[PDB]
Each structure stands twice: as structure tokens, then as C-alpha cells.
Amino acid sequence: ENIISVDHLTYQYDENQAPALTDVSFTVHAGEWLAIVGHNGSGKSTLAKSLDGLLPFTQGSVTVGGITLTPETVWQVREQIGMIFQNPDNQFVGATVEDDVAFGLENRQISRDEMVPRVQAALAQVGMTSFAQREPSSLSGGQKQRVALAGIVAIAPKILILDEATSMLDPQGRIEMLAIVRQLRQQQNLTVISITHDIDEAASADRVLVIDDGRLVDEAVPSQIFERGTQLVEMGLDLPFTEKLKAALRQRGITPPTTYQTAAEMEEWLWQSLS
């Protein structure tokens, strides 16, 4: 569980270097798939970092598991939050996969045996056992991401933060990664915050926070968010296909339902209106 209260950030001179956040307040409950979406240059990127020690904000509060975000205590906060970053080429350390997945376990002064089956049982989850030997440059990126995930499953946290991760992957990279963030929740019951512009990701979330120019501007169930039509793209998401189709029907004189409609639901609407 997190609580973020009256949060603001500016860096340097004199309003711009990083995207400013201003008076952001929101809360997340244990088990929640929260999506945070925004246009380019809003603080959604920055919101991700502030939840960890990265970024020293001088206004507002971040609390994670009772512990309140602060210096001399970031580490205890950081220890319940695993963070997959955007750009998988980086964020590695480790000549091989094992080494990496064990990097986290190392810092906790974990030693010897206990690491061996742990890192085994971590790669088993992200389906990467076969790749345990390989060097980072040797593999896809949608795979590099999974071994970052394995590296946080190893330390086995409460909260998994996804700062724009799918964002640099081919479609399979995307599809495969998401699926096992999903099946991860099925077992370990974890809290997933994800900063995004991926529809599928937001589509599989529980709530969506919408960040406009530095501020928390909207907050809803995602089937409700998607009713923003073409208006989606600027807001920071692409369009579901039914929403594209609706937009196209309107251009051609047909006015379709305003509420969201799944592909099944739209099918049935179409059929019934043409039967």
C-alpha cells in the first residue's frame, strides 16, 4: 500500500529540466493493478521515480507500508518495491543471467546456498531457466526485461513498479511480458503500479490515473477512460479497435453507442443493427 499526499517536484532552473509534478495525491491498496497514464512530458515518468528514493522531492509525502518516504529510510522503502525500467538494454549488471538475478540477493547479504535454488526458482517463473548462462547482449530485450523481473521476484517484494517497460519492445516482447506480470499476481498477490502508454496494459489494470500538465486530472475504471475517443492518443494511450471503428462509423454518418463496448459487445451491436 502507498499513499502519496500533496506531492510536488521541480528540478533546477527555472520550471523545466524534468517534468514537474504539482499537488499529486492518490492512494493504492494492496493488490491493485494501478495504471498511470499521461501525455508526453507530464510527470508520470517522475511519479514513478519519486515512489523510490530516486528524486529528492521537498514537498509532499510518499508513504510505503507505513514507512514514510525519506532519506535514511529510502532503503527500507526500496526493499518492498521492485522497479522494472524503460529501456532494457541498460539496467543489467552481470556478465551472465544468473549473476544478474542474484545481484539483488547479493546486496541483502544473502550468501551461499540459499541463493542457488532461489535464483533457479526465479528464472523458472519468468520462464528463463534455459537462458541462465547467456550474456545480456545475446538476447532479445523482451527477454532482458524478464530477467530484470526475475531479479525482483528473487527479492520478492510487495509492490512492482513498471516505468514504461513495454515501451521499447517488439509486440511479442510486450505480449509475453504482460502475461507473466499477470500470472504473477494470480499467485504472489502483488501490487502493480504501471506507468504506460500501452492500451493492453491499461486495459488489464484496475484503475487509471490520468496526469495532465503536472497534475492528477482524472481517475477511473479503464472501460470508462476508453470512452475518451480519439481523444485518447493525446491523453497518452492508443485506441482500442472498437473505438477506432466507432470513430470511423461516425465519419461515415452512423452514430454508435457512447459507452465502451468490447469486441464481443460491438459485434452483437453491429449484428443486431444489421440483422
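From 1 onward, residues are counted along the sequence shown.
Chemist: For the higher mean C-alpha B factor in the entry, choose 9 to 17 or 257 to 265.
Modeler: The deposited B-factors put 9 to 17 ahead on the C-alpha mean.
Chemist: Pick between 230 to 238 and 34 to 42: the one whose mean CA B-factor in the entry is higher.
Modeler: The entry gives the higher C-alpha B-factor average to 34 to 42.
Chemist: By the entry's C-alpha temperature factors, tell me which of 219, 213, 243, 206 sits highest.
Modeler: Highest CA B-factor of the listed options: 213.
Chemist: Among 194, 166, 172, 73, where is the Cα temperature factor highest, going by the PDB entry?
Modeler: Going by the entry's C-alpha B-factors, 73 comes out highest.
Chemist: Sorting the chain's CA B-factors, does residue 49 end up in the lowest, middle or highest third?
Modeler: Middle third by C-alpha B-factor.
Chemist: Lowest, middle or highest third: which one holds residue 128 when the chain's residues are ordered by CA B-factor from the entry?
Modeler: According to the entry, residue 128 has a C-alpha B-factor in the chain's highest third.
Chemist: Split into thirds by Cα B-factor across the chain's modelled residues, where does residue 88 land: lowest, middle or highest?
Modeler: Ranked within chain, residue 88 CA B lands in the lowest tercile.
Chemist: Lowest, middle or highest third: where is residue 110 by C-alpha B factor in its chain?
Modeler: Answer is highest: the recorded C-alpha B-factor places it there.
Chemist: Of the three thirds of its chain by CA temperature factor, lowest, middle or highest, which one includes residue 121?
Modeler: Within its chain, residue 121 is a highest-third residue by C-alpha B-factor, going by the deposited values.
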